[PDB]
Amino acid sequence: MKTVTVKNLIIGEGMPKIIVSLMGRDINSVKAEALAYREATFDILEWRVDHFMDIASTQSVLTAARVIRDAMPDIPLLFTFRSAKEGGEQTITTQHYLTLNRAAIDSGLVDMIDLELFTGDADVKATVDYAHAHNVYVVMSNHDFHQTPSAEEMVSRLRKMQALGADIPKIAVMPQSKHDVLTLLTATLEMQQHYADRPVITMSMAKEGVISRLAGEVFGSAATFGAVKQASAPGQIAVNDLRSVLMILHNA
């Protein structure tokens, strides 16, 4: 399988990489959070733009990005606007969404952008080519906050993400039973063993799916999310505890 080297970090090799989400309401909050996160240990920083209230102005969004970039100029930065249909904080037009993403790619402020699969094939394809031309990596995603589809269906989505040029497919699902957690781990393993030719990120959310956030090295998930102060999705545990379990499982 291929790996993705962002800055000095190699994704898809070794212990799963830890990603934390920064969530600020405005530039002052973003600024305060970026300075607080400097005292935490993680590998990739994801800025959840949907939590930013001034998304209406491209200049405000780019300015908040520059503030983050200045506080942690070494940390790979993932630019993520999570739409409300997929568990995010806000709803915006596809065109505004694409504009924010192309502008982030253009500015040279971010290392990766998150592009939702169901945005539309033609638009995602176009944005992917744009990201790559600017040397930016694409984490293509899909989230189901209500249930866990079959392993076969999840495997089909991850393969479609690869076909559309995603550098790192990502899928999050909501378990309704412990059985659903096993289905997610199974889909991850089949993906890693037979179809994946690049790093993949998967997770089962909520308390029941917590194990999927820890067993990444065993079943095939190249990165996992932990919480610094507050969680960006249900199930995330503190980064320090997440880091401890990963090392224990890695040196076992």
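Residue indices: 1-based, along the sequence shown.
Participant: For the higher mean C-alpha B factor in the entry, choose 89 to 97 or 170 to 178.
Facilitator: Comparing 89 to 97 with 170 to 178, the higher average CA B-factor belongs to 89 to 97.
Participant: 76 to 84 versus 120 to 128: which one carries the higher mean Cα B factor per the record?
Facilitator: According to the PDB entry, the answer is 120 to 128.
Participant: Which of these has the highest Cα B-factor in the record: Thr41, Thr202, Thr186, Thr63?
Facilitator: Among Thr41, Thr202, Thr186, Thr63, the highest C-alpha B-factor in the entry belongs to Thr41.
Participant: At the C-alpha atoms, which of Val228, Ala233, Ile18, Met15 reaches the highest B-factor in this entry?
Facilitator: Of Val228, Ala233, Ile18, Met15, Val228 has the highest C-alpha B-factor.
Participant: Ranked by Cα temperature factor within the chain, is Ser57 in the lowest third, the middle third or the highest third?
Facilitator: For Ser57, whose C-alpha B-factor we compare with every modelled residue in the chain, the answer is the lowest third.
Participant: Based on the entry's values, in what third of the chain does the Cα temperature factor of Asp50 lie: lowest, middle or highest?
Facilitator: It belongs to the lowest third of the chain when residues are ordered by C-alpha B-factor.
Participant: Considering every modelled residue of the chain and its Cα B-factor in the PDB entry, is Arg157 in the lowest, middle or highest third?
Facilitator: It falls in the middle third of the chain.
Participant: Lowest, middle or highest third: where is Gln147 by Cα B-factor in its chain?
Facilitator: Within its chain, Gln147 is a highest-third residue by C-alpha B-factor, going by the deposited values.
Participant: What third of its chain, lowest, middle or highest, does the C-alpha temperature factor of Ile211 fall into?
Facilitator: Its C-alpha B-factor, which the entry lists for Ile211, ranks in the lowest third among residues of this chain.
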